[PDB]
């Protein structure tokens, strides 16, 4: 299958084992912003669901399928690959919706669905929007979508902005310098200090932060899920030119994302921005190997290149330059193994 060809078995096993836990479902459900916004987008756009056929991709415990039922869908196909599909079935039964919701256990790339649907709903977003590569499964499912169908979410915007955080930058070295001693219990560890530094720097930092560390308005990269093909997510080249609003040292790029549900009655936004209430997605920061000085009014130009890998994630390649000075830096990070700093 398309899933198998693009995913290492070892990664897939652990991934779906992780989502087999009710505790992870509770963590997602207890995010009020997430759950409430999904509910609001579906119910306030009830004409997009009433008497429609719906496909729910990666339904987990089934919550979005229930919301689609509340809005009056005629039939909902709920697809889930983890063992959570068992529990979703229990809820479908216990909520007396077996006549309207059918749970299909398996990967959406592999299951057989009988008919074309009117709308696909899903929560495919990971860290930095793209982590887990579930957006590809979501787009792959469009093989079941009628030509005039819709997607909830309809678009996703990843946002990038330069930040200054001297303490975050220094912290890497404080930790790595553990290795810089000539006699740790009689052992000279200093030869590994460089390796330790590199290792810390390859890890995106998952946590939140004061918006006052941001030095420029974000750059936006938009994926239109109604137009995109799944192949469009294998390589994501995000050019940027930031107009510096503040003068200082730039230590890296901060990432967050929004998605929009564009229905017939209204458009509803779900944002993970640092200006908004915190979510279980937090935000993500990637450090440069060296900070860049930029005056207010300078331009910081470069690219963020995301290269998908077989571990259901991305390698992040970042290059940045201060145009007015020519000062340049970069980093290459592994999104599969972020550092949870929060």
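Whichever C-alpha set is largest while still superposing within 1.5 Å between the two forms counts as the rigid core. Residue numbers count along the first chain shown, from 1.
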Comparing C-alpha positions in 9 other deposited structures of this protein against this form, with the rigid core used for the fit, which stretch differs more, 160-168 or 180-188? 180-188
More shifted region, core-based fit in 9 other deposited structures of this protein, 228-236 vs 189-197 by CA: 189-197
On mean C-alpha B-factor from the PDB entry, just flag whether 249-257 or 236-244 is the higher one. 236-244
Residue stretch of maximal mean CA temperature factor, 176-184 vs 217-225: 217-225
Out of 65, 35, 275, 313, residue topping the C-alpha B-factor column of the entry: 275
C-alpha B factor of residue 193, ranked within the chain: lowest, middle or highest third? lowest
Rank-wise, by C-alpha B-factor, drop residue 204 into the lowest, middle or highest third of its chain. lowest
Divide the modelled residues of the chain into thirds by Cα B-factor and specify which third, lowest, middle or highest, holds residue 264. highest
Ranking the modelled residues of this chain by C-alpha B-factor as given in the entry, is residue 322 in the lowest, middle or highest third? highest
Sorting the chain's CA B-factors, does residue 125 end up in the lowest, middle or highest third? middle
